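Please read the structure below before turning to the comments.
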4 protein chains.
Amino acid sequence: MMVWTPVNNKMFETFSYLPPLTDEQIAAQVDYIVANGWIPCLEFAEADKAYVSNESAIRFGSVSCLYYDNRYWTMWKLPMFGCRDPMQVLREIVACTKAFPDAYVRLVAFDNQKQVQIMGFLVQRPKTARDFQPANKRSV
Amino acid sequence: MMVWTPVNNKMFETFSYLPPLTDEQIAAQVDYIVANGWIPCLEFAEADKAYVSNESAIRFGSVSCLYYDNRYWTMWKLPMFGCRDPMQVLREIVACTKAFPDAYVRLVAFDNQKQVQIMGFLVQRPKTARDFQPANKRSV
Amino acid sequence: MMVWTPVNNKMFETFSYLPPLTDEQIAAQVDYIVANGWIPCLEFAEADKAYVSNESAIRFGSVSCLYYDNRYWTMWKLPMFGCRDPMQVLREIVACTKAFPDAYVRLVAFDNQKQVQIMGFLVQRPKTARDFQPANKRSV
Amino acid sequence: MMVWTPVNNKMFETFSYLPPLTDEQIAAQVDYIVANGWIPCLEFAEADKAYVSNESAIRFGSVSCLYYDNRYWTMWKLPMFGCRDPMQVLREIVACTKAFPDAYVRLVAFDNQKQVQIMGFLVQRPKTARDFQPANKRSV
């Protein structure tokens, strides 16, 4: 029996339970976005603004249900409408991470027919981050 | 007249007002669990999650009565159902404290007829803890 | 025109706007307690528990009116019932401040006919305190 | 496409999106106050009291609408009623910033006919402030 650690074991939604995505694996996800005609977009956040929190609820009556702070991140430029080139997306990942080397960065994609985000995964975390585990240290 | 110190004098429920339990005294408590046919279990928590707090109440209407965060700790493996061997319990204490040397660890036991925890006491605190006093410094 | 500074200028209720009390001035206040047959008592608090605050109100409905945390401090021993000796009070000030050299300490007195505290002033603040001004620096 | 940075990019209301005001530009704003017969005044705040916050709302029922802490700053002396001399205002700026070199300081002016503040801009921030960007680093 192995024990799932509660300490410094924060996750990041889709694909965070898999081994970290290689460049080849990221390119494959980008190909999938393009193949489906979805709209790629990059979003970023400083460390303090990365995980869901409750601070604004101090201002509320009994209306906190499904309200959380830090769901919104900051948009990198604009969604890439009309993008049919995976290399353009990869170049924007490089540009965003270069401009904000200490930020969390996630790649998302939108479907304008359902009008909903249809994919999303983390592509950068700050080097100072100490609040997560390697796959093989997730259980002790 | 001696004065009970209010400063860095945090307690830990059952047996925290006695001298710290020796290995022999811990073994005697484990024998008592086994003699009564209760279910031993270990639970642990990082320092920040060890004592009762109020943070989630920011999300509440007027319903905080008997709500506290940090009552639940994290289960080490599973409760030791069918355990009739005190040495097995003592070995799990060693294993748990080895895997989490910086955590608070408590031994508990369950009665499945009353369906309630029937015993409980601290077996480890982190070495960095400075929020408690030795027996002879609890009063000044 | 001089300007009353808002920065690090915390006060401590009765007598805090006067020059700090000398040992002779403290002795005179003790004489007043004894002369009136009031009950002297010492109370103390660590720095974080010294000034009025709001933290418990996170648990409340709309009932915070005239509720503040940190109004209660910790009693040194017991109120000195029957005390007819000013020197006994001065000795307890020495004893309390010796036991808690980093605490805020205040001398209070009770009237049991009105059943209310009838005097009170600070007799010690921690040496590390940086949130108050000497008299000649309260205006700039 | 340049990206407006969300990190350490705090603003300070009127004129904060322009290049920092030169001494000549400040003098011109003061001339404008005097020309219109408005009442000049200086206000200041320590760093922790400079930006709007919500802390007091812990005490509230459902009445936080348009309540914020830190809207009030501290008045330097009194508003300069009857002041028709721009050099007097500039000397008070010097005097205030000298007395409080580590404070935020803003120049304001009042109209007593409308009874409202009619102009306002920051004239000093503490040298330790690291939550703002120079004009050429606001976008990346």
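Quick note on naming: the chains in the structure tokens go A, B, ... in the order shown, residues restart at 1 in each chain, and ligands are numbered from 1 in order of appearance.
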
Show me, as CSV, the residues of chain B having an atom within 6 Å of chain A, each with the closest atom pair and its distance in Å, using only C-alpha atoms.
residue,atom,partner,partner_atom,distance
B:59,CA,A:64,CA,5.7
B:61,CA,A:62,CA,4.9
B:77,CA,A:3,CA,5.7

Residues from the last selection, N, CA and C atoms, saved as a PDB file, in the first residue's frame:
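After the write, out_14.pdb holds the following:
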ATOM      1  N   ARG B  59     -17.075  31.642   3.260  1.00  0.00           N
ATOM      2  CA  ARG B  59     -18.040  31.243   2.224  1.00  0.00           C
ATOM      3  C   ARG B  59     -19.477  31.040   2.738  1.00  0.00           C
ATOM      4  N   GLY B  61     -23.190  31.512   4.999  1.00  0.00           N
ATOM      5  CA  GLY B  61     -24.193  32.354   5.638  1.00  0.00           C
ATOM      6  C   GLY B  61     -24.050  32.140   7.136  1.00  0.00           C
ATOM      7  N   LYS B  77      -2.547   4.998   5.023  1.00  0.00           N
ATOM      8  CA  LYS B  77      -3.032   3.730   4.467  1.00  0.00           C
ATOM      9  C   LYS B  77      -4.523   3.535   4.764  1.00  0.00           C
TER      10      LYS B  77
END

Compile the contact shell of segment 88-101 of chain D as a PDB file with N, CA and C atoms, in the first residue's frame: residues with an atom at most 12 Å away, counting only C-alpha atoms, same-chain residues fewer than 3 positions apart removed.
ATOM      1  N   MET C   1       1.620  75.284  12.682  1.00  0.00           N
ATOM      2  CA  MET C   1       0.750  74.073  12.692  1.00  0.00           C
ATOM      3  C   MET C   1       1.598  72.830  12.724  1.00  0.00           C
ATOM      4  N   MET C   2       1.342  71.955  13.692  1.00  0.00           N
ATOM      5  CA  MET C   2       1.988  70.647  13.720  1.00  0.00           C
ATOM      6  C   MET C   2       0.972  69.592  13.303  1.00  0.00           C
ATOM      7  N   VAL C   3       1.464  68.507  12.713  1.00  0.00           N
ATOM      8  CA  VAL C   3       0.618  67.445  12.184  1.00  0.00           C
ATOM      9  C   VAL C   3       0.743  66.200  13.058  1.00  0.00           C
ATOM     10  N   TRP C   4      -0.399  65.695  13.509  1.00  0.00           N
ATOM     11  CA  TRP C   4      -0.463  64.496  14.324  1.00  0.00           C
ATOM     12  C   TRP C   4      -0.182  63.288  13.434  1.00  0.00           C
ATOM     13  N   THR C   5       0.876  62.537  13.739  1.00  0.00           N
ATOM     14  CA  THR C   5       1.264  61.460  12.827  1.00  0.00           C
ATOM     15  C   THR C   5       0.305  60.265  12.898  1.00  0.00           C
ATOM     16  N   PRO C   6      -0.111  59.749  11.734  1.00  0.00           N
ATOM     17  CA  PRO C   6      -0.937  58.547  11.712  1.00  0.00           C
ATOM     18  C   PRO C   6      -0.116  57.261  11.707  1.00  0.00           C
ATOM     19  N   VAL C   7       1.207  57.390  11.589  1.00  0.00           N
ATOM     20  CA  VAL C   7       2.081  56.237  11.342  1.00  0.00           C
ATOM     21  C   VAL C   7       2.757  55.787  12.628  1.00  0.00           C
ATOM     22  N   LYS C 137       7.492  63.016  19.513  1.00  0.00           N
ATOM     23  CA  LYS C 137       7.443  62.638  18.104  1.00  0.00           C
ATOM     24  C   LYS C 137       6.034  62.335  17.603  1.00  0.00           C
ATOM     25  N   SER C 139       3.688  64.556  16.997  1.00  0.00           N
ATOM     26  CA  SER C 139       3.398  65.527  15.950  1.00  0.00           C
ATOM     27  C   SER C 139       4.675  65.944  15.234  1.00  0.00           C
ATOM     28  N   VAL C 140       4.544  66.327  13.965  1.00  0.00           N
ATOM     29  CA  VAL C 140       5.710  66.609  13.110  1.00  0.00           C
ATOM     30  C   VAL C 140       5.612  67.937  12.334  1.00  0.00           C
TER      31      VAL C 140
ATOM     32  N   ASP D  23       8.597  68.803 -12.383  1.00  0.00           N
ATOM     33  CA  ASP D  23       8.348  69.931 -11.484  1.00  0.00           C
ATOM     34  C   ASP D  23       7.595  71.066 -12.173  1.00  0.00           C
ATOM     35  N   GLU D  24       7.907  71.286 -13.449  1.00  0.00           N
ATOM     36  CA  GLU D  24       7.226  72.286 -14.270  1.00  0.00           C
ATOM     37  C   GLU D  24       5.756  71.923 -14.487  1.00  0.00           C
ATOM     38  N   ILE D  26       3.947  69.932 -12.527  1.00  0.00           N
ATOM     39  CA  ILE D  26       3.282  70.071 -11.218  1.00  0.00           C
ATOM     40  C   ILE D  26       2.918  71.530 -10.930  1.00  0.00           C
ATOM     41  N   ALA D  27       3.870  72.428 -11.172  1.00  0.00           N
ATOM     42  CA  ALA D  27       3.646  73.869 -11.054  1.00  0.00           C
ATOM     43  C   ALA D  27       2.467  74.349 -11.898  1.00  0.00           C
ATOM     44  N   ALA D  28       2.349  73.829 -13.120  1.00  0.00           N
ATOM     45  CA  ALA D  28       1.239  74.188 -14.016  1.00  0.00           C
ATOM     46  C   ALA D  28      -0.113  73.737 -13.450  1.00  0.00           C
ATOM     47  N   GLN D  29      -0.150  72.534 -12.886  1.00  0.00           N
ATOM     48  CA  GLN D  29      -1.364  72.050 -12.238  1.00  0.00           C
ATOM     49  C   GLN D  29      -1.730  72.922 -11.038  1.00  0.00           C
ATOM     50  N   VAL D  30      -0.726  73.349 -10.269  1.00  0.00           N
ATOM     51  CA  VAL D  30      -0.949  74.258  -9.139  1.00  0.00           C
ATOM     52  C   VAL D  30      -1.467  75.628  -9.599  1.00  0.00           C
ATOM     53  N   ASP D  31      -0.907  76.143 -10.693  1.00  0.00           N
ATOM     54  CA  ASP D  31      -1.408  77.379 -11.303  1.00  0.00           C
ATOM     55  C   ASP D  31      -2.888  77.279 -11.654  1.00  0.00           C
ATOM     56  N   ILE D  33      -5.184  75.276 -10.262  1.00  0.00           N
ATOM     57  CA  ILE D  33      -5.935  75.348  -8.998  1.00  0.00           C
ATOM     58  C   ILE D  33      -6.162  76.800  -8.571  1.00  0.00           C
ATOM     59  N   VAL D  34      -5.083  77.579  -8.567  1.00  0.00           N
ATOM     60  CA  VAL D  34      -5.137  78.971  -8.138  1.00  0.00           C
ATOM     61  C   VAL D  34      -6.002  79.819  -9.083  1.00  0.00           C
ATOM     62  N   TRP D  38      -9.771  77.343  -6.437  1.00  0.00           N
ATOM     63  CA  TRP D  38      -9.991  76.123  -5.660  1.00  0.00           C
ATOM     64  C   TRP D  38      -9.087  76.060  -4.436  1.00  0.00           C
ATOM     65  N   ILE D  39      -9.447  75.196  -3.490  1.00  0.00           N
ATOM     66  CA  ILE D  39      -8.751  75.106  -2.213  1.00  0.00           C
ATOM     67  C   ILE D  39      -7.754  73.957  -2.261  1.00  0.00           C
ATOM     68  N   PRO D  40      -6.447  74.269  -2.272  1.00  0.00           N
ATOM     69  CA  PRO D  40      -5.454  73.192  -2.288  1.00  0.00           C
ATOM     70  C   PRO D  40      -5.326  72.478  -0.943  1.00  0.00           C
ATOM     71  N   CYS D  41      -4.982  71.197  -0.989  1.00  0.00           N
ATOM     72  CA  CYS D  41      -4.788  70.411   0.217  1.00  0.00           C
ATOM     73  C   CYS D  41      -3.865  69.248  -0.109  1.00  0.00           C
ATOM     74  N   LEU D  42      -3.098  68.813   0.881  1.00  0.00           N
ATOM     75  CA  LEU D  42      -2.253  67.639   0.754  1.00  0.00           C
ATOM     76  C   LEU D  42      -2.761  66.551   1.680  1.00  0.00           C
ATOM     77  N   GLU D  43      -2.702  65.316   1.192  1.00  0.00           N
ATOM     78  CA  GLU D  43      -3.068  64.129   1.956  1.00  0.00           C
ATOM     79  C   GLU D  43      -1.960  63.089   1.795  1.00  0.00           C
ATOM     80  N   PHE D  44      -1.773  62.259   2.818  1.00  0.00           N
ATOM     81  CA  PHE D  44      -0.729  61.246   2.772  1.00  0.00           C
ATOM     82  C   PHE D  44      -1.146  59.935   3.446  1.00  0.00           C
ATOM     83  N   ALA D  45      -0.457  58.860   3.095  1.00  0.00           N
ATOM     84  CA  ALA D  45      -0.733  57.540   3.651  1.00  0.00           C
ATOM     85  C   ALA D  45       0.518  56.682   3.641  1.00  0.00           C
ATOM     86  N   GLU D  46       0.690  55.869   4.678  1.00  0.00           N
ATOM     87  CA  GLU D  46       1.710  54.817   4.649  1.00  0.00           C
ATOM     88  C   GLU D  46       1.353  53.777   3.581  1.00  0.00           C
ATOM     89  N   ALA D  47       2.335  52.989   3.146  1.00  0.00           N
ATOM     90  CA  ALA D  47       2.143  52.016   2.055  1.00  0.00           C
ATOM     91  C   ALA D  47       0.951  51.068   2.243  1.00  0.00           C
ATOM     92  N   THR D  74      -4.719  60.767   5.184  1.00  0.00           N
ATOM     93  CA  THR D  74      -4.541  61.661   6.324  1.00  0.00           C
ATOM     94  C   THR D  74      -4.219  63.059   5.820  1.00  0.00           C
ATOM     95  N   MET D  75      -4.886  64.054   6.386  1.00  0.00           N
ATOM     96  CA  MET D  75      -4.702  65.436   5.981  1.00  0.00           C
ATOM     97  C   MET D  75      -3.379  65.983   6.517  1.00  0.00           C
ATOM     98  N   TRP D  76      -2.594  66.588   5.626  1.00  0.00           N
ATOM     99  CA  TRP D  76      -1.445  67.392   6.022  1.00  0.00           C
ATOM    100  C   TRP D  76      -1.951  68.775   6.417  1.00  0.00           C
ATOM    101  N   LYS D  77      -1.844  69.099   7.708  1.00  0.00           N
ATOM    102  CA  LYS D  77      -2.314  70.378   8.264  1.00  0.00           C
ATOM    103  C   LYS D  77      -3.795  70.604   7.966  1.00  0.00           C
ATOM    104  N   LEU D  78      -4.133  71.732   7.330  1.00  0.00           N
ATOM    105  CA  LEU D  78      -5.509  72.028   6.905  1.00  0.00           C
ATOM    106  C   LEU D  78      -5.535  72.400   5.422  1.00  0.00           C
ATOM    107  N   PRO D  79      -6.706  72.287   4.763  1.00  0.00           N
ATOM    108  CA  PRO D  79      -6.799  72.828   3.410  1.00  0.00           C
ATOM    109  C   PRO D  79      -6.407  74.303   3.447  1.00  0.00           C
ATOM    110  N   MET D  80      -5.827  74.779   2.354  1.00  0.00           N
ATOM    111  CA  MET D  80      -5.229  76.108   2.312  1.00  0.00           C
ATOM    112  C   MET D  80      -6.250  77.140   1.863  1.00  0.00           C
ATOM    113  N   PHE D  81      -7.209  77.420   2.744  1.00  0.00           N
ATOM    114  CA  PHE D  81      -8.299  78.346   2.445  1.00  0.00           C
ATOM    115  C   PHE D  81      -7.727  79.736   2.229  1.00  0.00           C
ATOM    116  N   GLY D  82      -8.214  80.408   1.195  1.00  0.00           N
ATOM    117  CA  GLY D  82      -7.777  81.765   0.884  1.00  0.00           C
ATOM    118  C   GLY D  82      -6.476  81.838   0.111  1.00  0.00           C
ATOM    119  N   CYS D  83      -5.860  80.684  -0.141  1.00  0.00           N
ATOM    120  CA  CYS D  83      -4.575  80.636  -0.840  1.00  0.00           C
ATOM    121  C   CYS D  83      -4.702  81.045  -2.302  1.00  0.00           C
ATOM    122  N   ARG D  84      -3.935  82.065  -2.671  1.00  0.00           N
ATOM    123  CA  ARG D  84      -3.902  82.575  -4.033  1.00  0.00           C
ATOM    124  C   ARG D  84      -2.459  82.588  -4.551  1.00  0.00           C
ATOM    125  N   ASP D  85      -1.561  81.945  -3.802  1.00  0.00           N
ATOM    126  CA  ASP D  85      -0.122  81.943  -4.085  1.00  0.00           C
ATOM    127  C   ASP D  85       0.395  80.528  -4.357  1.00  0.00           C
ATOM    128  N   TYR D 104       3.035  57.720   0.714  1.00  0.00           N
ATOM    129  CA  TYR D 104       2.388  58.230  -0.492  1.00  0.00           C
ATOM    130  C   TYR D 104       1.826  59.603  -0.174  1.00  0.00           C
ATOM    131  N   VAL D 105       1.991  60.548  -1.095  1.00  0.00           N
ATOM    132  CA  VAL D 105       1.486  61.899  -0.914  1.00  0.00           C
ATOM    133  C   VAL D 105       0.734  62.312  -2.173  1.00  0.00           C
ATOM    134  N   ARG D 106      -0.466  62.862  -1.998  1.00  0.00           N
ATOM    135  CA  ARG D 106      -1.226  63.378  -3.135  1.00  0.00           C
ATOM    136  C   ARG D 106      -1.679  64.813  -2.904  1.00  0.00           C
ATOM    137  N   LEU D 107      -1.622  65.601  -3.973  1.00  0.00           N
ATOM    138  CA  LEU D 107      -2.169  66.946  -3.976  1.00  0.00           C
ATOM    139  C   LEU D 107      -3.606  66.893  -4.457  1.00  0.00           C
ATOM    140  N   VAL D 108      -4.495  67.521  -3.694  1.00  0.00           N
ATOM    141  CA  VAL D 108      -5.900  67.605  -4.057  1.00  0.00           C
ATOM    142  C   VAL D 108      -6.358  69.062  -4.007  1.00  0.00           C
ATOM    143  N   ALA D 109      -7.508  69.347  -4.600  1.00  0.00           N
ATOM    144  CA  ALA D 109      -8.106  70.667  -4.502  1.00  0.00           C
ATOM    145  C   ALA D 109      -9.617  70.521  -4.360  1.00  0.00           C
ATOM    146  N   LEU D 122      -1.030  62.083  -7.510  1.00  0.00           N
ATOM    147  CA  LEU D 122       0.058  61.670  -6.638  1.00  0.00           C
ATOM    148  C   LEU D 122       1.292  62.531  -6.876  1.00  0.00           C
ATOM    149  N   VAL D 123       1.924  62.968  -5.796  1.00  0.00           N
ATOM    150  CA  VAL D 123       3.175  63.743  -5.903  1.00  0.00           C
ATOM    151  C   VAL D 123       4.382  63.027  -5.286  1.00  0.00           C
ATOM    152  N   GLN D 124       4.132  61.964  -4.528  1.00  0.00           N
ATOM    153  CA  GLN D 124       5.218  61.151  -3.989  1.00  0.00           C
ATOM    154  C   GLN D 124       4.768  59.728  -3.747  1.00  0.00           C
ATOM    155  N   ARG D 125       5.629  58.781  -4.103  1.00  0.00           N
ATOM    156  CA  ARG D 125       5.493  57.420  -3.612  1.00  0.00           C
ATOM    157  C   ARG D 125       6.778  57.027  -2.874  1.00  0.00           C
ATOM    158  N   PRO D 126       6.682  56.131  -1.875  1.00  0.00           N
ATOM    159  CA  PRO D 126       7.889  55.705  -1.162  1.00  0.00           C
ATOM    160  C   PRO D 126       8.907  55.058  -2.104  1.00  0.00           C
ATOM    161  N   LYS D 127      10.195  55.201  -1.790  1.00  0.00           N
ATOM    162  CA  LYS D 127      11.263  54.668  -2.647  1.00  0.00           C
ATOM    163  C   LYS D 127      11.270  53.138  -2.683  1.00  0.00           C
ATOM    164  N   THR D 128      10.650  52.529  -1.676  1.00  0.00           N
ATOM    165  CA  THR D 128      10.580  51.072  -1.547  1.00  0.00           C
ATOM    166  C   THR D 128       9.462  50.422  -2.371  1.00  0.00           C
TER     167      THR D 128
END

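Nearest residue to residue 73 of chain A, choosing from A:51, A:12, A:132, A:32 and counting only C-alpha atoms: A:51.
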
If DSSP is run on the backbone, what residues of segment 24-139 of chain D are alpha helix (DSSP H)? A reply as a PDB file with C-alpha atoms, in the first residue's frame would be ideal.
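Output file out04.pdb follows:
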ATOM      1  CA  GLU D  24       7.226  72.286 -14.270  1.00  0.00           C
ATOM      2  CA  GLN D  25       4.137  70.153 -14.955  1.00  0.00           C
ATOM      3  CA  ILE D  26       3.282  70.071 -11.218  1.00  0.00           C
ATOM      4  CA  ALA D  27       3.646  73.869 -11.054  1.00  0.00           C
ATOM      5  CA  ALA D  28       1.239  74.188 -14.016  1.00  0.00           C
ATOM      6  CA  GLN D  29      -1.364  72.050 -12.238  1.00  0.00           C
ATOM      7  CA  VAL D  30      -0.949  74.258  -9.139  1.00  0.00           C
ATOM      8  CA  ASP D  31      -1.408  77.379 -11.303  1.00  0.00           C
ATOM      9  CA  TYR D  32      -4.670  75.841 -12.580  1.00  0.00           C
ATOM     10  CA  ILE D  33      -5.935  75.348  -8.998  1.00  0.00           C
ATOM     11  CA  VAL D  34      -5.137  78.971  -8.138  1.00  0.00           C
ATOM     12  CA  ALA D  35      -6.608  80.344 -11.405  1.00  0.00           C
ATOM     13  CA  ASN D  36      -9.917  78.621 -10.623  1.00  0.00           C
ATOM     14  CA  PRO D  86       1.192  78.894  -6.031  1.00  0.00           C
ATOM     15  CA  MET D  87       4.591  79.091  -4.284  1.00  0.00           C
ATOM     16  CA  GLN D  88       2.931  78.507  -0.890  1.00  0.00           C
ATOM     17  CA  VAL D  89       1.443  75.249  -2.212  1.00  0.00           C
ATOM     18  CA  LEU D  90       4.802  74.108  -3.581  1.00  0.00           C
ATOM     19  CA  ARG D  91       6.466  74.860  -0.222  1.00  0.00           C
ATOM     20  CA  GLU D  92       3.844  72.741   1.568  1.00  0.00           C
ATOM     21  CA  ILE D  93       4.541  69.854  -0.837  1.00  0.00           C
ATOM     22  CA  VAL D  94       8.213  70.129   0.168  1.00  0.00           C
ATOM     23  CA  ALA D  95       7.357  70.311   3.897  1.00  0.00           C
ATOM     24  CA  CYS D  96       4.969  67.325   3.762  1.00  0.00           C
ATOM     25  CA  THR D  97       7.311  65.072   1.766  1.00  0.00           C
ATOM     26  CA  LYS D  98      10.168  66.020   4.133  1.00  0.00           C
ATOM     27  CA  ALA D  99       8.148  65.067   7.231  1.00  0.00           C
TER      28      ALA D  99
END

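Between atom CA of residue 121 of chain D and atom CA of residue 20 of chain D lies a distance of 10.6 Å.
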